[PDB]
Protein chains: 2
Amino acid sequence: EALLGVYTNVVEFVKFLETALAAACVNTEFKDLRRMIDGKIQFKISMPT
Amino acid sequence: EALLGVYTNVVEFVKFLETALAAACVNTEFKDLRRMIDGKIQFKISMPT
């Protein structure tokens, strides 16, 4: 006698680009980030008098 | 490791003649101000009775 069961699905959630939190961050898809050691940003601020 | 951004300030000049502070003044260009010793403006006020 073959028996069947009832399974309920995993409740899916709104993705990251579809929330309003991404208005605070700038999103890029860096494909190979496990190869990166460091990443730097360099500012150069000239100051008037 | 990676360079991700190389950023720098640019100081935009603000001319005196395009501030609204110059509304309270009268601006005349005077080519040779080093020649002048002293300026002078003379008033004549008549008073009726």
# chains A, B, ... in the order shown; residues from 1 in each chain; ligands from 1
>>> calpha_fit_and_write(fixed="chain A", moving="chain B", output="PDB file with N, CA and C atoms, in the first residue's frame")
ATOM      1  N   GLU B   1      -7.702   2.127   6.111  1.00  0.00           N
ATOM      2  CA  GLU B   1      -7.196   3.410   6.568  1.00  0.00           C
ATOM      3  C   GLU B   1      -6.720   4.189   5.355  1.00  0.00           C
ATOM      4  N   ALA B   2      -6.553   5.497   5.515  1.00  0.00           N
ATOM      5  CA  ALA B   2      -6.436   6.339   4.339  1.00  0.00           C
ATOM      6  C   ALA B   2      -5.328   7.362   4.519  1.00  0.00           C
ATOM      7  N   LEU B   3      -4.633   7.640   3.418  1.00  0.00           N
ATOM      8  CA  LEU B   3      -3.847   8.859   3.276  1.00  0.00           C
ATOM      9  C   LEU B   3      -4.769   9.999   2.888  1.00  0.00           C
ATOM     10  N   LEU B   4      -4.666  11.114   3.600  1.00  0.00           N
ATOM     11  CA  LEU B   4      -5.560  12.226   3.327  1.00  0.00           C
ATOM     12  C   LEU B   4      -4.814  13.450   2.825  1.00  0.00           C
ATOM     13  N   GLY B   5      -3.506  13.504   3.018  1.00  0.00           N
ATOM     14  CA  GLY B   5      -2.744  14.646   2.562  1.00  0.00           C
ATOM     15  C   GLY B   5      -1.272  14.427   2.800  1.00  0.00           C
ATOM     16  N   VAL B   6      -0.494  14.791   1.791  1.00  0.00           N
ATOM     17  CA  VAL B   6       0.950  14.614   1.788  1.00  0.00           C
ATOM     18  C   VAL B   6       1.551  15.975   1.447  1.00  0.00           C
ATOM     19  N   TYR B   7       1.981  16.725   2.469  1.00  0.00           N
ATOM     20  CA  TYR B   7       2.258  18.161   2.368  1.00  0.00           C
ATOM     21  C   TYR B   7       3.737  18.422   2.613  1.00  0.00           C
ATOM     22  N   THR B   8       4.256  19.534   2.080  1.00  0.00           N
ATOM     23  CA  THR B   8       5.686  19.834   2.150  1.00  0.00           C
ATOM     24  C   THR B   8       5.954  21.312   1.919  1.00  0.00           C
ATOM     25  N   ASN B   9       6.807  21.858   2.782  1.00  0.00           N
ATOM     26  CA  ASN B   9       7.334  23.207   2.686  1.00  0.00           C
ATOM     27  C   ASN B   9       8.142  23.412   1.404  1.00  0.00           C
ATOM     28  N   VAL B  10       8.080  24.633   0.875  1.00  0.00           N
ATOM     29  CA  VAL B  10       9.000  25.096  -0.158  1.00  0.00           C
ATOM     30  C   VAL B  10       9.588  26.427   0.281  1.00  0.00           C
ATOM     31  N   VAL B  11      10.909  26.470   0.406  1.00  0.00           N
ATOM     32  CA  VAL B  11      11.631  27.648   0.863  1.00  0.00           C
ATOM     33  C   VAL B  11      11.849  28.550  -0.342  1.00  0.00           C
ATOM     34  N   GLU B  12      11.136  29.670  -0.388  1.00  0.00           N
ATOM     35  CA  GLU B  12      11.369  30.655  -1.432  1.00  0.00           C
ATOM     36  C   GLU B  12      12.603  31.465  -1.077  1.00  0.00           C
ATOM     37  N   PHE B  13      13.545  31.535  -2.009  1.00  0.00           N
ATOM     38  CA  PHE B  13      14.740  32.335  -1.822  1.00  0.00           C
ATOM     39  C   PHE B  13      14.392  33.819  -1.853  1.00  0.00           C
ATOM     40  N   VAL B  14      15.160  34.598  -1.102  1.00  0.00           N
ATOM     41  CA  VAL B  14      15.058  36.050  -1.113  1.00  0.00           C
ATOM     42  C   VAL B  14      16.432  36.573  -1.499  1.00  0.00           C
ATOM     43  N   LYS B  15      16.540  37.120  -2.706  1.00  0.00           N
ATOM     44  CA  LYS B  15      17.794  37.669  -3.202  1.00  0.00           C
ATOM     45  C   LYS B  15      18.183  38.892  -2.384  1.00  0.00           C
ATOM     46  N   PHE B  16      19.489  39.126  -2.241  1.00  0.00           N
ATOM     47  CA  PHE B  16      19.954  40.322  -1.545  1.00  0.00           C
ATOM     48  C   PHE B  16      19.595  41.589  -2.306  1.00  0.00           C
ATOM     49  N   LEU B  17      19.589  41.513  -3.636  1.00  0.00           N
ATOM     50  CA  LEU B  17      19.415  42.711  -4.445  1.00  0.00           C
ATOM     51  C   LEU B  17      17.965  43.180  -4.436  1.00  0.00           C
ATOM     52  N   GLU B  18      17.043  42.309  -4.037  1.00  0.00           N
ATOM     53  CA  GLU B  18      15.637  42.669  -3.944  1.00  0.00           C
ATOM     54  C   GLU B  18      15.155  42.855  -2.514  1.00  0.00           C
ATOM     55  N   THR B  19      16.030  42.705  -1.525  1.00  0.00           N
ATOM     56  CA  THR B  19      15.753  43.265  -0.212  1.00  0.00           C
ATOM     57  C   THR B  19      15.930  44.773  -0.268  1.00  0.00           C
ATOM     58  N   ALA B  20      15.255  45.482   0.635  1.00  0.00           N
ATOM     59  CA  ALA B  20      15.469  46.921   0.710  1.00  0.00           C
ATOM     60  C   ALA B  20      16.698  47.252   1.538  1.00  0.00           C
ATOM     61  N   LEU B  21      17.357  46.236   2.098  1.00  0.00           N
ATOM     62  CA  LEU B  21      18.633  46.438   2.770  1.00  0.00           C
ATOM     63  C   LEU B  21      19.696  46.921   1.793  1.00  0.00           C
ATOM     64  N   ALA B  22      19.597  46.523   0.523  1.00  0.00           N
ATOM     65  CA  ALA B  22      20.574  46.914  -0.486  1.00  0.00           C
ATOM     66  C   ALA B  22      20.480  48.378  -0.883  1.00  0.00           C
ATOM     67  N   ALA B  23      19.464  49.110  -0.419  1.00  0.00           N
ATOM     68  CA  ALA B  23      19.437  50.550  -0.620  1.00  0.00           C
ATOM     69  C   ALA B  23      20.564  51.244   0.123  1.00  0.00           C
ATOM     70  N   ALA B  24      20.988  50.696   1.256  1.00  0.00           N
ATOM     71  CA  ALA B  24      22.083  51.242   2.039  1.00  0.00           C
ATOM     72  C   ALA B  24      23.453  50.792   1.549  1.00  0.00           C
ATOM     73  N   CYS B  25      23.538  50.158   0.382  1.00  0.00           N
ATOM     74  CA  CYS B  25      24.812  49.681  -0.137  1.00  0.00           C
ATOM     75  C   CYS B  25      24.886  49.928  -1.633  1.00  0.00           C
ATOM     76  N   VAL B  26      26.077  49.700  -2.178  1.00  0.00           N
ATOM     77  CA  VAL B  26      26.369  49.852  -3.597  1.00  0.00           C
ATOM     78  C   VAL B  26      26.952  48.538  -4.095  1.00  0.00           C
ATOM     79  N   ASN B  27      26.202  47.848  -4.948  1.00  0.00           N
ATOM     80  CA  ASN B  27      26.475  46.463  -5.305  1.00  0.00           C
ATOM     81  C   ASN B  27      27.148  46.412  -6.664  1.00  0.00           C
ATOM     82  N   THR B  28      28.388  45.934  -6.695  1.00  0.00           N
ATOM     83  CA  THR B  28      29.095  45.724  -7.950  1.00  0.00           C
ATOM     84  C   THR B  28      29.585  44.289  -8.005  1.00  0.00           C
ATOM     85  N   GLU B  29      29.356  43.629  -9.134  1.00  0.00           N
ATOM     86  CA  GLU B  29      29.865  42.281  -9.346  1.00  0.00           C
ATOM     87  C   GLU B  29      31.322  42.376  -9.770  1.00  0.00           C
ATOM     88  N   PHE B  30      32.162  41.544  -9.175  1.00  0.00           N
ATOM     89  CA  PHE B  30      33.604  41.601  -9.375  1.00  0.00           C
ATOM     90  C   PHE B  30      34.058  40.165  -9.576  1.00  0.00           C
ATOM     91  N   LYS B  31      34.479  39.846 -10.806  1.00  0.00           N
ATOM     92  CA  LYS B  31      34.604  38.458 -11.255  1.00  0.00           C
ATOM     93  C   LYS B  31      35.684  37.707 -10.498  1.00  0.00           C
ATOM     94  N   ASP B  32      36.831  38.333 -10.314  1.00  0.00           N
ATOM     95  CA  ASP B  32      37.985  37.688  -9.702  1.00  0.00           C
ATOM     96  C   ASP B  32      38.398  38.473  -8.460  1.00  0.00           C
ATOM     97  N   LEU B  33      37.707  38.209  -7.352  1.00  0.00           N
ATOM     98  CA  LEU B  33      38.011  38.860  -6.085  1.00  0.00           C
ATOM     99  C   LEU B  33      39.088  38.111  -5.323  1.00  0.00           C
ATOM    100  N   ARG B  34      39.285  36.835  -5.660  1.00  0.00           N
ATOM    101  CA  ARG B  34      40.356  36.048  -5.067  1.00  0.00           C
ATOM    102  C   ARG B  34      41.738  36.535  -5.488  1.00  0.00           C
ATOM    103  N   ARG B  35      41.827  37.279  -6.592  1.00  0.00           N
ATOM    104  CA  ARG B  35      43.120  37.776  -7.043  1.00  0.00           C
ATOM    105  C   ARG B  35      43.566  38.986  -6.232  1.00  0.00           C
ATOM    106  N   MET B  36      42.615  39.760  -5.714  1.00  0.00           N
ATOM    107  CA  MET B  36      42.927  41.028  -5.071  1.00  0.00           C
ATOM    108  C   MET B  36      43.580  40.810  -3.710  1.00  0.00           C
ATOM    109  N   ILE B  37      44.572  41.646  -3.409  1.00  0.00           N
ATOM    110  CA  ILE B  37      45.145  41.688  -2.070  1.00  0.00           C
ATOM    111  C   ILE B  37      44.389  42.707  -1.229  1.00  0.00           C
ATOM    112  N   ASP B  38      44.420  43.976  -1.642  1.00  0.00           N
ATOM    113  CA  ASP B  38      43.920  45.084  -0.836  1.00  0.00           C
ATOM    114  C   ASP B  38      43.261  46.133  -1.713  1.00  0.00           C
ATOM    115  N   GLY B  39      42.115  46.645  -1.269  1.00  0.00           N
ATOM    116  CA  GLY B  39      41.493  47.777  -1.919  1.00  0.00           C
ATOM    117  C   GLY B  39      41.830  49.084  -1.235  1.00  0.00           C
ATOM    118  N   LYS B  40      41.526  50.180  -1.920  1.00  0.00           N
ATOM    119  CA  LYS B  40      41.978  51.484  -1.464  1.00  0.00           C
ATOM    120  C   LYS B  40      41.145  52.566  -2.132  1.00  0.00           C
ATOM    121  N   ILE B  41      40.677  53.514  -1.330  1.00  0.00           N
ATOM    122  CA  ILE B  41      39.958  54.684  -1.822  1.00  0.00           C
ATOM    123  C   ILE B  41      40.500  55.903  -1.094  1.00  0.00           C
ATOM    124  N   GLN B  42      40.886  56.918  -1.859  1.00  0.00           N
ATOM    125  CA  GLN B  42      41.657  58.037  -1.347  1.00  0.00           C
ATOM    126  C   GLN B  42      40.847  59.321  -1.455  1.00  0.00           C
ATOM    127  N   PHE B  43      40.826  60.096  -0.375  1.00  0.00           N
ATOM    128  CA  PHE B  43      40.060  61.331  -0.306  1.00  0.00           C
ATOM    129  C   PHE B  43      40.979  62.536  -0.326  1.00  0.00           C
ATOM    130  N   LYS B  44      40.497  63.613  -0.933  1.00  0.00           N
ATOM    131  CA  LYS B  44      41.169  64.907  -0.920  1.00  0.00           C
ATOM    132  C   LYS B  44      40.128  65.951  -0.548  1.00  0.00           C
ATOM    133  N   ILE B  45      40.293  66.559   0.622  1.00  0.00           N
ATOM    134  CA  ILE B  45      39.354  67.541   1.151  1.00  0.00           C
ATOM    135  C   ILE B  45      40.087  68.868   1.301  1.00  0.00           C
ATOM    136  N   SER B  46      39.699  69.859   0.505  1.00  0.00           N
ATOM    137  CA  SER B  46      40.194  71.217   0.677  1.00  0.00           C
ATOM    138  C   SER B  46      39.255  71.996   1.592  1.00  0.00           C
ATOM    139  N   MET B  47      39.837  72.839   2.444  1.00  0.00           N
ATOM    140  CA  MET B  47      39.071  73.564   3.457  1.00  0.00           C
ATOM    141  C   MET B  47      39.322  75.059   3.335  1.00  0.00           C
ATOM    142  N   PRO B  48      38.322  75.817   2.888  1.00  0.00           N
ATOM    143  CA  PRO B  48      38.482  77.269   2.784  1.00  0.00           C
ATOM    144  C   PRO B  48      38.324  77.950   4.135  1.00  0.00           C
ATOM    145  N   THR B  49      38.877  79.159   4.220  1.00  0.00           N
ATOM    146  CA  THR B  49      38.809  79.973   5.426  1.00  0.00           C
ATOM    147  C   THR B  49      38.257  81.347   5.075  1.00  0.00           C
TER     148      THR B  49
END
>>> select_by_dssp(residues="chain B", states="strand (DSSP E or B)", output="PyMOL selection string")
chain B and resi 2-8
>>> decode(residues="segment 11-46 of chain B", atoms="N, CA, C and O atoms", output="tab-separated table (two decimals), in the first residue's frame")
chain	number	residue	atom	x	y	z
B	11	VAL	N	37.24	71.92	-5.17
B	11	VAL	CA	36.75	73.10	-4.49
B	11	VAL	C	36.18	74.04	-5.55
B	11	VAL	O	36.92	74.63	-6.33
B	12	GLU	N	34.86	74.17	-5.58
B	12	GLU	CA	34.23	75.14	-6.46
B	12	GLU	C	34.34	76.52	-5.84
B	12	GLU	O	33.98	76.72	-4.68
B	13	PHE	N	34.87	77.46	-6.61
B	13	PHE	CA	34.97	78.84	-6.17
B	13	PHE	C	33.59	79.47	-6.09
B	13	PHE	O	32.67	79.12	-6.84
B	14	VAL	N	33.44	80.40	-5.15
B	14	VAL	CA	32.23	81.20	-5.03
B	14	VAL	C	32.66	82.65	-5.14
B	14	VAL	O	33.33	83.18	-4.25
B	15	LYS	N	32.30	83.28	-6.26
B	15	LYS	CA	32.64	84.68	-6.50
B	15	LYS	C	31.91	85.57	-5.51
B	15	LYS	O	30.81	85.23	-5.05
B	16	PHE	N	32.52	86.70	-5.15
B	16	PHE	CA	31.86	87.65	-4.27
B	16	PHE	C	30.64	88.28	-4.93
B	16	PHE	O	29.64	88.57	-4.27
B	17	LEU	N	30.71	88.47	-6.25
B	17	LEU	CA	29.66	89.21	-6.94
B	17	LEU	C	28.40	88.37	-7.10
B	17	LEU	O	27.31	88.90	-7.34
B	18	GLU	N	28.52	87.05	-6.94
B	18	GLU	CA	27.37	86.16	-7.02
B	18	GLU	C	26.92	85.64	-5.66
B	18	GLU	O	25.98	84.85	-5.61
B	19	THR	N	27.57	86.05	-4.57
B	19	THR	CA	26.95	85.93	-3.27
B	19	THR	C	25.87	86.99	-3.13
B	19	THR	O	25.91	88.03	-3.79
B	20	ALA	N	24.89	86.73	-2.27
B	20	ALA	CA	23.88	87.75	-2.01
B	20	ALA	C	24.37	88.75	-0.98
B	20	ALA	O	23.65	89.71	-0.66
B	21	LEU	N	25.57	88.54	-0.44
B	21	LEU	CA	26.19	89.53	0.43
B	21	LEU	C	26.46	90.83	-0.32
B	21	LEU	O	26.42	91.91	0.27
B	22	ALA	N	26.73	90.74	-1.62
B	22	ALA	CA	27.02	91.92	-2.43
B	22	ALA	C	25.81	92.81	-2.68
B	22	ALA	O	25.98	93.89	-3.24
B	23	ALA	N	24.61	92.38	-2.29
B	23	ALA	CA	23.46	93.26	-2.34
B	23	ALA	C	23.59	94.42	-1.37
B	23	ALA	O	23.12	95.52	-1.66
B	24	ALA	N	24.28	94.21	-0.25
B	24	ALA	CA	24.51	95.25	0.74
B	24	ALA	C	25.71	96.13	0.41
B	24	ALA	O	26.13	96.91	1.27
B	25	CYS	N	26.27	96.02	-0.79
B	25	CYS	CA	27.43	96.82	-1.16
B	25	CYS	C	27.30	97.30	-2.59
B	25	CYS	O	26.40	96.89	-3.33
B	26	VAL	N	28.21	98.18	-2.98
B	26	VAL	CA	28.28	98.76	-4.31
B	26	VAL	C	29.68	98.51	-4.85
B	26	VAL	O	30.66	99.07	-4.35
B	27	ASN	N	29.77	97.67	-5.88
B	27	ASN	CA	31.03	97.11	-6.34
B	27	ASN	C	31.50	97.85	-7.58
B	27	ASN	O	30.83	97.80	-8.61
B	28	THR	N	32.63	98.53	-7.47
B	28	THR	CA	33.24	99.18	-8.63
B	28	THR	C	34.68	98.70	-8.76
B	28	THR	O	35.42	98.67	-7.77
B	29	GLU	N	35.07	98.33	-9.97
B	29	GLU	CA	36.44	97.95	-10.25
B	29	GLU	C	37.27	99.22	-10.44
B	29	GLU	O	36.83	100.16	-11.12
B	30	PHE	N	38.43	99.26	-9.82
B	30	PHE	CA	39.27	100.45	-9.80
B	30	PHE	C	40.69	99.97	-10.08
B	30	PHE	O	41.27	99.26	-9.26
B	31	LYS	N	41.21	100.33	-11.26
B	31	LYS	CA	42.38	99.67	-11.83
B	31	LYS	C	43.63	99.92	-11.01
B	31	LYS	O	44.43	99.00	-10.77
B	32	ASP	N	43.84	101.15	-10.59
B	32	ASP	CA	45.05	101.54	-9.88
B	32	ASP	C	44.68	102.11	-8.52
B	32	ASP	O	44.61	103.33	-8.33
B	33	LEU	N	44.45	101.21	-7.56
B	33	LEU	CA	44.12	101.61	-6.20
B	33	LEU	C	45.36	101.85	-5.37
B	33	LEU	O	45.31	102.55	-4.36
B	34	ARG	N	46.50	101.30	-5.81
B	34	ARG	CA	47.77	101.55	-5.15
B	34	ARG	C	48.24	102.99	-5.31
B	34	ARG	O	49.08	103.45	-4.53
B	35	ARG	N	47.71	103.71	-6.30
B	35	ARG	CA	48.11	105.09	-6.50
B	35	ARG	C	47.43	106.02	-5.50
B	35	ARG	O	47.97	107.07	-5.15
B	36	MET	N	46.23	105.66	-5.05
B	36	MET	CA	45.41	106.55	-4.24
B	36	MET	C	45.98	106.67	-2.83
B	36	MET	O	46.45	105.71	-2.23
B	37	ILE	N	45.92	107.89	-2.29
B	37	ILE	CA	46.23	108.12	-0.89
B	37	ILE	C	44.96	107.99	-0.07
B	37	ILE	O	44.84	107.10	0.78
B	38	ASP	N	43.98	108.86	-0.33
B	38	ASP	CA	42.79	108.99	0.50
B	38	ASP	C	41.56	109.28	-0.34
B	38	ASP	O	41.62	110.10	-1.26
B	39	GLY	N	40.45	108.61	-0.02
B	39	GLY	CA	39.18	108.93	-0.63
B	39	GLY	C	38.35	109.86	0.23
B	39	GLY	O	38.63	110.06	1.41
B	40	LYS	N	37.30	110.41	-0.37
B	40	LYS	CA	36.55	111.47	0.28
B	40	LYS	C	35.19	111.60	-0.38
B	40	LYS	O	35.09	111.66	-1.61
B	41	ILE	N	34.14	111.66	0.44
B	41	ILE	CA	32.78	111.90	-0.03
B	41	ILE	C	32.15	112.92	0.90
B	41	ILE	O	32.20	112.78	2.12
B	42	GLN	N	31.59	113.97	0.31
B	42	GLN	CA	31.17	115.15	1.05
B	42	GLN	C	29.66	115.32	0.96
B	42	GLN	O	29.08	115.23	-0.13
B	43	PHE	N	29.03	115.57	2.10
B	43	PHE	CA	27.59	115.71	2.19
B	43	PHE	C	27.20	117.16	2.43
B	43	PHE	O	27.91	117.90	3.11
B	44	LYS	N	26.05	117.55	1.88
B	44	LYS	CA	25.45	118.85	2.13
B	44	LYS	C	23.98	118.60	2.45
B	44	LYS	O	23.22	118.15	1.59
B	45	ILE	N	23.59	118.88	3.69
B	45	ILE	CA	22.24	118.65	4.18
B	45	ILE	C	21.64	119.99	4.58
B	45	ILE	O	22.09	120.62	5.54
B	46	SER	N	20.62	120.44	3.84
B	46	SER	CA	19.85	121.61	4.23
B	46	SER	C	18.65	121.18	5.07
B	46	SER	O	18.03	120.15	4.81
